[PDB]
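A single chain comes next, written as structure tokens; it is the form deposited without thymidine-3',5'-diphosphate.
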């Protein structure tokens, strides 16, 4: 897998973000994570504030497509998003602000890594795991 440059256009919520990718606006759905809904589940707004702050404060944003399908049915890019080298998908799970979701169409490169972060948050009874 390889990281490609991107520019934050707009944070949308925990599991979605709008980026300028290859010079065109595009909406991305973070791979392997399930964040609470804000439109308003519990920790829904926390998850959203988390990704917004992480993405807006980042100097560099990068998108990393997995080896499976790259877009969902709604035209959203399916990727791991990095902010200054740190994966937003992982940070979310680690902070207990998202659960690891089912593998989708062969996109599972980082499934174990997120599985680990999630076990740790659970053990720490962090947020959603409170």
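Numbering follows the first chain given and starts at 1.
The form solved in complex with thymidine-3',5'-diphosphate exists for this protein as well; it is not shown, and the discussion that follows is about that form.
Remark: residue 64 does not count among the residues lining thymidine-3',5'-diphosphate in the deposited complex, judged by a heavy atom distance of 4.5 Å or less. Proximity of residue 30 to thymidine-3',5'-diphosphate in the deposited complex falls within the 4.5 Å heavy atom cutoff.
Within 4.5 Å of some heavy atom of thymidine-3',5'-diphosphate in the deposited complex lies at least one heavy atom of residue 34. Contact annotation: residue 87 falls outside 4.5 Å of thymidine-3',5'-diphosphate in the deposited complex, judged by heavy atom distances. By the 4.5 Å heavy atom rule, the three marked residues 72, 76 and 102 all count as contacting thymidine-3',5'-diphosphate in the deposited complex.
In plain terms, the part of the chain that comes close to thymidine-3',5'-diphosphate in the deposited complex, with a heavy atom within 4.5 Å, is 76-84 out of 40-48, 56-64, 91-99, 76-84.
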